[PDB]
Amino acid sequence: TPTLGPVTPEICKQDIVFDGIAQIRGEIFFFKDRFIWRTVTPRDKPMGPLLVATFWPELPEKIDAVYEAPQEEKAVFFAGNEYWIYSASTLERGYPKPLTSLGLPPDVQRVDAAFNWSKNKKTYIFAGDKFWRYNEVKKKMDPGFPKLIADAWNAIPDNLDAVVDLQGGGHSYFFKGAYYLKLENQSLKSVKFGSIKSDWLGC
């Protein structure tokens, strides 16, 4: 049963479902195994692949989600039942910590997606058909969660692959499979959907 790691992927030639997508200090990063591709805030051709180890050497060989906390521009990485927090490429003291240190229940063993909602600066952690709202200031979970994605959100599917709110202009992108949904922060109405290859990788 032991197997060899994966081969380096070709972004536009093959169908890649990324492990996480996030905007870290201006740039949009696409994660897939030990690889990363970066594009500077657009819809055009990412520079890569580079290795996740070039920037964050402590991380395991595959992540489940990643977002950046606005309060202090820190990067938060989820992998299995643990999370790491970095300043830049500097791991913070006391990490990895089990997901429960964030207020998530013991049963949650993997996270699907995560981002910071610019409309209220809160953090949303998605896992399966439910999500949690984390208060980054009080550094604690809010009351009344988790809630089901289907109940609380507008046409957002379960089992998301990633989610991002681009600092530029108030629109939240929800990624799933080969597609993404675009939500208007204010209205919360799905303004459109499109292709990740076309609209994000600039294939």
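Sequential numbering from 1, following the sequence displayed.
Higher average CA B factor: 191 to 199, of the stretches 191 to 199 and 18 to 26. With 181 to 189 and 5 to 13 compared on mean CA B-factor from the PDB entry, the stretch scoring higher is 181 to 189. By the numbers in the PDB entry, the CA B factor is greatest at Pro42 among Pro157, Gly48, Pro42, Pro146.
Across the options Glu72, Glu82, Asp129, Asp112, the residue with the most elevated CA B-factor in the record is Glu72. Sorting the modelled residues of the chain by their CA temperature factor places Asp151 in the highest third.
The entry lists a Cα temperature factor for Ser118 that places it in the middle third of the chain's modelled residues. When the CA B factors of the chain's modelled residues are split into thirds, the value for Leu99 lands in the lowest one. Ranked by C-alpha B-factor against the other modelled residues of its chain, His171 falls in the highest third. Sort the modelled residues of the chain by CA B factor and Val76 lands in the lowest third.
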